[PDB]
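Encoded as structure tokens, the following chain is the form deposited in one PDB entry, with no partner shown.
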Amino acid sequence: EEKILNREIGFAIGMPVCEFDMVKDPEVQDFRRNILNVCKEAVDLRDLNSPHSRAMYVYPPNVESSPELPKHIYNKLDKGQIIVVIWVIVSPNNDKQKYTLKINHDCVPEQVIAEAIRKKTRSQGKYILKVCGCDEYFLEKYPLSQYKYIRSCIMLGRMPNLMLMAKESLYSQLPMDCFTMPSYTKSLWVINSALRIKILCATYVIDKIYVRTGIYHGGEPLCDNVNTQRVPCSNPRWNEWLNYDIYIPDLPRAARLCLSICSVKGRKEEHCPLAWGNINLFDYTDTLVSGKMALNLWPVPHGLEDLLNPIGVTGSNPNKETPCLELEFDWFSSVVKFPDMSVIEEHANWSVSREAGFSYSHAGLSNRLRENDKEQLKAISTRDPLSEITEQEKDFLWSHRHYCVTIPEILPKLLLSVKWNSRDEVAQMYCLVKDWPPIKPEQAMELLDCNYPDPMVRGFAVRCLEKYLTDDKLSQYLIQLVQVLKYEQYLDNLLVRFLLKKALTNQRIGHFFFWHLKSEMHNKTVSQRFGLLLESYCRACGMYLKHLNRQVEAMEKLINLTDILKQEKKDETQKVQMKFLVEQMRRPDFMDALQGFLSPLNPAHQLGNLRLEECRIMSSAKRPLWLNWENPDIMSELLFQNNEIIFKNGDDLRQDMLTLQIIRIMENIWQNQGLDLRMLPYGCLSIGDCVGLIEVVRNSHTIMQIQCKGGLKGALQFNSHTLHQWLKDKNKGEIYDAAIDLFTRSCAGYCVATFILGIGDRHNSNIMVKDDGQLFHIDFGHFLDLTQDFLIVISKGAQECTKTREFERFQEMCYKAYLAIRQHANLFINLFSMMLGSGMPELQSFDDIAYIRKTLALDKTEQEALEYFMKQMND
């Protein structure tokens, strides 16, 4: 009953559910109970129009956000019409019969079905369309071309193959979801005292040692940092009150105490942080902290480059056998609470009245209290998220804060201009935020990074997402939204409720939401937040938990298998290693585990029997596994008969994930702007700590393999004409011009992309080509830091390739692609900035992201940046 569900949830998270019941923290227990309304709401949405609504949850329509087709996509159609193949399975022999239609691109699925019934009968509401080869359905009345599969077929010039299926055949396979509810003052503003914190002593701990402290709002100090006196190592007792230059009523809601135990060496003094810890000055119930408190510290993360870690996670280290700092806060003879919104609202009105009479009767000059000014506000509004905003500009923005509500896009600049250590300014900012006009999701996401910790600011950003973020765009930005959950002060927040609700009403989002959280469960700084979020997801996702457990079981077996191969049988032959794999595959636990589950790279792909004869232990770095499964779909032949995936144990696949996501976003920018630059963002998913899956691109070869004619030629005898000749043999005739054009467009896209992103390495073994001419890159080891062979293909064989008309057309493609991404720089700056909490070695500070500002030449004019890019291309 509930014991079965708790066992399944425990296996999915990799933690028994009873371990959450043992947690004494009232915030943990309140999260577990209070989040359940999000679960109830999602389940009710799924039962509204059951079984159609249940079918839409399990198989959501995979559509683009807009039915409007870019002019170059509409041109690929035949006078606005598409040719589709509709297949029917005629029982008993289960024969596949096809019916070819020529219909308007914007025909809804029921119109297509009716037209297929007409063509079939020439020799209605009881049927649905499915994509041949995978579990993707057309259950909603969107125009056919808006479905990503159809849109993808229009571009690429492939013919859509759809399968007609009885509506009842699908609805009968949807089991009944069993969501069951589980078994489980004074005001801050009347305290007229300055903030002081006592550092008592440290347990579980170079010349001397001290405690470095600071009051922060985000990564910004609200006052000067204050240190304790230096003491010899030993078990240091300080018993020292640290006094801060800030008054208790001026503490913002998101104010934090950031601590460090620092080391001093005498040589120039060398200071090093030994351990760190951050504390929210207010708890989840708005209570100001008081009395004695002990904090277990965390190890210093690699690449800290400062004595404190204000961006770091909040709360005590769960491992209690670590450096433990004892602190004491003042007790104001009562439980002190942050004021209600109505109290803050009254003070904001009284502040606007006081700071108006102060303007008239104040003898001094107050920089914080015309058409040239409106143009200066408009120019500041257009600066990128990493551009510096001076103290004079902050005074300018804050003084015109009411004019700012008319350029809603300026909100991030204005929020940075507020004096967060002044309750008079903050109360006024809350009122402006409360009625601020909504902004576009790509702009609201900026307000969810580490720079904006305020709950009202973050609440506004989430409300913009609830109103304007489509499920397509939510899927596209999922990795960032799951990462910014780490910046939230508390377990229960508006962002977590938005993401969970979305995950629980769209199973495609729920699948990736599960894996982005599960993959970080090894990280103790997020284990509890992500584990509690995972329990609430698993409790309400329905039958999909049974499928997720099968994916988890396959991945655990592959980690175990690859662990034995990398450790115990490392130097044994690939034949002897494959004999071990075939022996492990004869064991029932492994036979079940590595077969008959959905692909974690794309749950629409079923993975049937493991085809060991087509598998191999690769000789590449970290010895990955090349795996091959049968696609058990009734029409697998129309998509792919076998699914090939690389399972790698040892590489941090997060940088590859991020690069592949960015390439996808760049391609959408280009496609929407009428720039057909074909990219290949293949699937890559981090499954855990340096473990993951990579999608194998069918019909691909490295430049190295093409160049050495499969072993005959050696590097010393490498002709720069070989690549072009190989492409001509693979595409003879009219299909040759298409291959050269596809090669040109894809090569242009990758030249610009790798340039802007600063992708290193780049050689004949990490650059690949498909039979049809499509060029792509693999293995993006690092980021934020065009051979003669390609020019010969682009110029169709000419020796003076940099002088042909084809090279001028390729150059224009690159310039337009570069300018299109420069126009969307804030989005890319924001996507990188939101990842600053992952702990990726090549993305640790805003200085790393500033590399994009240089390649995009954001401090120049449009014509000055194009000339910079032309100089880089010519060099």
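Note that residue numbering follows the sequence shown and begins at 1.
We do not show the form solved in complex with a small molecule, though everything after this point is about it.
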So in the bound PDB entry, does any heavy atom of residue 450 sit within 4.5 Å of the small molecule? yes
Using the partner position in the bound PDB entry, report whether residue 311 sits within 4.5 Å of the small molecule, counting heavy atoms only. yes
When the contact criterion is heavy atoms within 4.5 Å, does residue 845 count as touching the small molecule in the bound PDB entry? yes
Wondering, does residue 487 line up within 4.5 Å of the small molecule in the bound PDB entry on heavy atoms? yes
The chain here is shown without the small molecule. Which stretch in 335 to 343, 527 to 535, 146 to 154, 380 to 388 comes within 4.5 angstroms of it in the bound PDB entry, by heavy atom distance? 380 to 388
Option touching the small molecule, based on a heavy atom within 4.5 Å in the bound PDB entry, out of 813, 819, 834, 28: 834
